[PDB]
Ligand SMILES: Nc1ncnc2c1ncn2[C@@H]1O[C@H](COP(=O)(O)OP(=O)(O)OP(=O)(O)O)[C@@H](O)[C@H]1O
Ligand SMILES: [Mg+2]
């Protein structure tokens with residue numbers, strides 16, 4: 001291949017010479033240690049390579065070998081229940097070779113070449129196949145993995161292996177032109193996988209949190225952004241989404257964050273049960289981990305690897321949820337690379353093409369009809385970490401132009417231990433109107449009216465909050481004090497949700513609907529009883545108020561009886577009242 | 159009540175806004191200085207192509 | 002000519018740029034085709050030519066290009082687009098190639114996409130009132146035929162719905178003007194820059210429901226498309242619009258989805274070349290580049306056709322002093338600004354009247370065009386709403402109970418104005434309905450406060466009660 | 003091995019010098035610069051190419067010239083010699099003794115940069131550490147293996163709190179069971195940009211307590227060259243990692259001031275002509291800070307641990323300054339000192355409201371400690387937030403807008419501080435503090451205790467203030 005020597009070393013940037021014939025965005029192997037790098041600039045006889053590993057100790061004159069292919073991942077059976085590096089290297093297969101520390105230069109295949117899988121053919125000789133079609137099935141941890149034709153392959157079938165057990169590298173289908181199809185194939189991470197058509201998202205993505213499911217919903221092909229300062233609760237929210245959502249496969253991308261947050265997932269997940277299949281929770285999860293003390297240039301590749309794997313699972317008909325832990329770290333890596341290239345920055349040192357990269361990443365989500373004729377979906381929830389909580393920073397403002405929902409976190413609520421600390425005045429969702437027909441048949445026919453009424457109550461309380469702060473709560477009349485107390489009840493008993501409690505961590509739709517109905521029934525009864533001269537003090541001391549406060553700690557199997565008893569008590573206690 | 163409200167709410171917010179605006183303007187000035195330095199380096203390097 | 006010349010000898014590839022040395026025979030601004038080793042062909046444009054080397058910007062991505070097998074060949078000296086009358090009802094990508102599956106069109110002419118400036122002697126004054134069906138636009142910020150009226154939006158604000166509603170409900174009123182002939186429907190040219198699949202699907206479904214896809218031309222540049230293609234899309238769209246309007250007497254309505262993406266692409270190219278920046282890193286020639294796009298709308302003396310522009314742009318952080326809204330306001334002829342406070346209260350369409358403007362409003366309103374009381378009613382409404390906003394500011398300090406009896410009328414006027422005049426929903430209103438509602442609102446104030454209305458109009462129209470309409 | 007010297011110096015300007023014909027110089031290597039007078043300076047290669055190599059000098063470049071100066075190679079990777087006998091010694095922050103004792107003999111030579119830990123090889127920090135301070139051990143409890151910084155001010159007693167913690171740190175293997183054994187403990191102390199008075203105070207406290215016999219001090223004064231401030235925490239963390247992961251020691255690492263480290267990093271970065279960041283600080287400060295804080299934790303299959311308590315001061319109490327903002331994104335909590343509590347004489351002035359310990363939930367709970375710990379903590383948080391809120395209401399509106407229900411919140415908020423927060427030089431316990439926490443929850447009614455279950459309320463409700 002194309003072969004040269006190192007000319008200049010400066011940080012993660014290596015300039016090679018004698019590289020005439022190398023192509024842009026290809027993969028090169030740098031030095032005797034065999035590090036991995038990528039071409040990003042060609043200049044005469046030279047080439048500019050960014051290295052994905054540590055560059056300390058390199059010397060001028062070491063060889064550089066160009067592999068002639070772009071960055072690609074291996075897609076096939078054996079990716080579930082796995083933990084991967086930034087460039088798709090199995091960490092558990094690295095620990096058995098290097099110990100507790102991570103050393104550069106170790107090369108491990110992504111898919112295990114020693115496992116035997118049960119093969120079951122579905123095609124026959126004489127058939128013609130196209131890209132995205134299904135050749136056979138392989139059993140996994142409860143799933144049925146389908147062997148897909150690569151999108152660029154077309155031809156007729158000559159011979160098919162019979163049923164049995166084979167490795168992932170044994171050919172199973174041989175075409176007429178001599179092309180051999182194996183159980184896996186490689187795909188470049190910077191190319192989006194093809195589809196037939198895109199569909200309008202029309203089914204909700206159930207997250208298990210009341211505020212995100214009721215007030216600011218997200219659909220089955222939408223994108224959401226959750227920005228906030230440190231300690232707001234982004235990671236807890238994303239992990240609760242990974243634990244409790246209704247997605248078939250969850251892909252978690254730990255881009256540039258702490259290592260304890262990955263060890264917690266690796267340890268606690270095998271002892272949990274997924275909501276829909278009853279098996280271990282880790283059997284449906286794929287982790288891509290690149291911590292903060294790892295090489296910086298590998299942060300950029302991890303996002304593309306995760307989104308490519310999520311797109312691969314979409315082509316099999318599943319519904320995939322992708323969680324990016326931080327995109328600001330990716331922006332920092334882009335800034336570092338641009339600084340090494342000595343390009344002119346636009347704002348805050350960022351390169352001027354950051355928004356294009358962010359728009360290209362978020363556009364891969366959506367509900368599609370696959371090339372095989374099945375329906376699939378990918379949802380992306382990305383977290384932004386603005387410096388000092390400033391929402392005018394370029395990364396936050398470049399994300400708001402493409403996302404369909406915006407879950408804004410607040411430091412004031414997080415300081416007072418009011419979690420999930422979602423600012424319900426600065427947040428919005430653009431999927432509310434399209435999800436109404438689903439609600440009108442899957443929970444109740446009056447759900448949107450109830451939700452709008454509670455939103456109106458919150459707006460009225462927020463309006464009165466300016467008045468109460470300068471005259472005191474006593475100076476207001478009964479009609480305003482009732483609104484204040486009802487708003488406080490809604491805030492402390494419906495929006496708040498403990499993610500560590502045994503029962504309160506997960507909430508269904510019907511439980512939230514029942515709590516909403518109980519709260520509004522109490523409000524209407526109190527509004528009726530106010531006009532009869534009854535004091536606010538007599539109403540606030542009622543024992544039925546504690547029934548609303550403790551309602552969220554009741555389990556799902558016991559909630560309807562509690563709901564009936566609470567409704568009867570609400571209708572009775574005010575009748576007993578004057 | 160009016161005196162306490164002014165002295166406890168109005169003044170610190172204005173002070174914080176002033177500090178924020180000063181920081182933004184100083185950062186923009188620093189970026190301009192860096193740009194001017196880079197193009198001065200380019201101008202000096204242009205004349206040394208062939209002496 | 003009918004010969005092709007290939008320039009091998011590329012010496013530099015980085016970002017969107019590409020250098021070829023011994024290519025002094027390429028004209029400035031010419032279009033080139035870049036052939037890969039595997040046979041893929043990508044477009045390009047010359048932005049600087051010399052006897053030493055030429056500088057070429059690449060439209061698509063640069064993946065797979067190498068310095069040994071890549072070659073550059075010339076297409077044409079001047080960037081031109083092949084237009085026709087039969088392209089109505091088609092769809093194209095950002096560079097004019099068909100994407101609807103139909104065979105390519107047969108060009109009648111080949112026009113340059115940079116265009117030429119209109120002679121100010123050949124222009125004429127736009128004076129045709131357009132009824133958009135929205136009260137805050139028809140009465141206070143009147144839009145005339147031949148106007149550049151951008152929409153200043155935000156992040157989560159519904160600018161697309163407002164643009165679609167304007168395109169759906171746009172009509173002229175020849176009976177009021179005294180013409181009386183049968184109006185023709187507006188031909189629509191729709192140019193998208195970095196649009197998402199959600200907004201594109203919404204626009205496609207809206208145009209399908211309205212049945213306007215038989216009179217529309219579409220230029221689409223999606224979010225996953227190459228960024229540098231956004232430089233060409235408005236120029237092709239405006240070339241098609243100008244051709245139709247000034248060669249076949251069409252009335253063309255042009256919608257540009259997001260000028261912010263165009264400015265981002267311009268900033269990328271300018272920062273690659275390291276020009277002297279303006280504010281926030283944007284290039285210094287952004288004013289001229291934006292002016293070469295907006296100034297291609299208007300009406301020409303001796304011809305029936307017209308071009309109307311509705312650019313849509315999103316203000317970052319809702320900042321009016323950002324360079325893109327600032328330059329757009331300096332170039333265009335007013336703006337329609339959306340308010341987030343009105344959006345949070347459920348008011349649709351959330352059009353804020355005070356920061357809005359219409360420069361050509363005085364040409365299209367008055368006696369013999371709409372009604373003789375239009376301008377005075379608009380002025381009085383503006384003054385009264387400003388007074389109400391100021392009193393709203395005052396009651397945050399002194400409390401509403403400490404007000405005089407006069408200021409409570411202004412407060413109730415502001416509340417009723419926001420709840421009735423602006424909050425109109427999805428219904429279509431004629432100009433008479435909007436003026437009737439406005440006169441109903443003005444009757445809440447005392448008769449002696451109307452300093453900006455002639456006493457004849459007050460005698461003729463004052464006194465109606467709002468309960469006869471929204472009671 | 004025999005040495006090699008280069009004489010091809012072609013350009014000296016500021017802190018950088020260029021060396022011609024330096025093909026066999028590795029990247030990041032350590033060099034020794036000698037001049038005509040025989041004085042030796044330090045330097046590090048930061049950029050190497052075919053035409054020249056670029057070396058930044060560890061100190062001032064006065065006296066250098068292009069005729070007599072020569073550059074030699076020391077080692078390709080900067081290494082530190084470590085041994086078990088370092089316990090009780092003092093070092094200047096570069097590895098050389100300052101107590102006048104003979105130098106140690108190196109058991110091993112380890113790279114000071116370190117290597118990232120494999121996330122698979124880690125395990126959950128799950129052991130409680132008794133600090134001897136009541137406001138920490140109850141509401142923001144410190145778990146073995148955590149990195150818990152302290153957010154101080156410009157006139158607040160942070161050094162005294164750190165010294166008290168270092169004096170009173172224990173393991174307490176009684177309540178969760180654990181090994182019930184006498185376990186070794188060590189403290190590694192690093193100070194950057196310290197003054198003479200603080201140096202004397204620190205050494206006097208360590209000598210008077212007697213904790214010097216199990217400690218290693220890396221003390222860097224403010225008049226030292228600024229590179230020795232950069233390498234100071236890395237050597238301390240290298241020693242701590244060696245001790246913990248090769249001798250099963252439970253080490254504790256205290257970093258005196260990260261602000262001086264950040265200012266030295268900015269001064270070094272500005273000399274290499276790099277694009278500045280938010281307030282002139284370098285744009286890669288997140289990665290540089292992360293390479294320090296990420297070297298703590300626990301390792302599966304081993305007994306040792308590393309716990310870090312950095313101390314930093316917020317300039318003008320600005321929580322949005324780049325240094326505290328970037329520190330909060332990496333560490334697992336914060337302890338924030340309040341100036342208002344210090345104004346009224348309360349020691350230690352720890353403000354519970356903005357303090358947080360993220361690893362609390364697995365370090366306390368059923369069997370690990372008292373069962374009621376989590377509900378007690380969160381009820382105290384909610385009640386304190388309400389009390390401070392209505393107190394801020396009173397300071398504007400006045401006492402006329404208070405019912406007895408709100409007056410109870412006011413009395414609770416005024417009560418909490420002087421009994422629990424103020425402790426002076428005491429060495430209190432955990433079971434001591436939990437009864438005091440239950441006592442203050444007794445004054446509020448039962449209906450206010452919504453989050454606490456009826457079982458825990460039924461078992462423990464009702465007790466007066468036990469301060470005597
Ligand atoms: N839903 C919740 N229920 C209970 N406690 C919560 C919840 N969300 C957050 N917390 C608390 O707040 C802390 C916030 O930690 P988390 O890692 O979620 O924050 P973050 O915003 O992702 O931080 P960082 O920016 O530092 O990565 C948690 O450790 C926990 O103590
Ligand atoms: Mg986090």
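Protein chains in written order, with the entry's author numbering: chain C, 1 to 578; chain G, 159 to 209; chain F, 2 to 472; chain E, 3 to 470.
Beta carbons: idealized from backbone N, C-alpha and C, even for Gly.
Take residue 36(F), set aside five residues on each side of it, and the residues of its chain with a beta-carbon closer than 6 Å to its own are 42, 72, in chain order. Of all residues in the segment 398–413 of chain E, those with a C-beta nearer than 8 Å to a C-beta of chain G are 398, 399, 400, reading in chain order. Residue 112(C) sits in coil when the DSSP states are folded into three classes, being neither helix nor strand. Near ligand 2, meaning a beta-carbon closer than 7 Å to one of its heavy atoms, we find 234(C), 235(C), 257(C), 258(C), 261(C), 325(C).
Annotation for residue 394(F): the continuous alpha helix (DSSP H) segment containing it runs 375–399.
Per DSSP, the continuous alpha helix (DSSP H) segment holding residue 176(F) begins and ends at 175–178.
In the structure shown, residue 416(F) adopts helical secondary structure according to DSSP, grouped into three states. When Cβ-Cβ separations below 8 Å define contact, residue 288(C) makes no contact with chain E. One finds 263, 267 in chain C with Cβ atoms closer than 8 Å to the Cβ of residue 125(E), taken in chain order. Within 10 angstroms of the beta-carbon of residue 322(F) lie fewer than 16 other beta-carbons, which makes it exposed.
Per DSSP, reduced to three states, the secondary structure at residue 568(C) is helical.
In the three-state DSSP reduction, residue 186(E) falls in the coil class, being neither helix nor strand.
Between ligand 1 and the CB of residue 150(C), the shortest heavy atom gap is not smaller than 7 Å. For residue 159(G), a Cβ of chain E is located within less than 8 Å of the residue's own Cβ.
Residue 343(F) carries a helical assignment under DSSP once its states are collapsed to helix, strand and coil. The residue from 8(F), 153(F), 126(F) with its alpha-carbon nearest to that of residue 327(F) is 153(F). Excluding five sequence positions before and after residue 219(F), the CB atoms of its chain that fall closer than 6 Å to its own CB belong to 92, 191, given in chain order.
Residue 514(C) places its beta carbon less than 8 Å from that of residue 559(C). In this model, residue 325(C) and residue 287(C) are separated by some 11 Å (Cα to Cα).
Contact annotation for residue 470(C) against chain G: 159, 163 [CB-CB distance below 9 Å, chain order]. Distance from the CA atom of residue 395(F) to the CA atom of residue 572(C), rounded to whole angstroms, is 46 Å. Under the rule that a run must span 4 or more residues, the alpha helix (DSSP H) segments found entirely inside the segment 98–170 of chain F read 136–139, 160–170. Residues of chain C with a Cβ closer than 8 Å to the Cβ of residue 389(F) do not exist, since the nearest Cβ in that chain sits about 17 Å away.
It is roughly 48 Å from the alpha-carbon of residue 357(F) to the alpha-carbon of residue 271(E). At a cut-off of 8 Å between beta carbons, residue 8(E) makes no contact with chain C. The C-alpha of residue 279(F) lies about 16 Å from the C-alpha of residue 351(C).
With fewer than 16 other Cβ atoms from the protein chains shown falling within 10 Å of its own Cβ, residue 471(F) counts as exposed. In the pairwise beta carbon analysis, the segment 363–383 of chain C is classified as touching the segment 213–223 of chain C: at least three pairs are separated by under 8 Å. Nearest CB-CB separation between residue 280(E) and chain C: below the 8 Å threshold. Here residue 219(C) carries a strand assignment [DSSP, helix/strand/coil].
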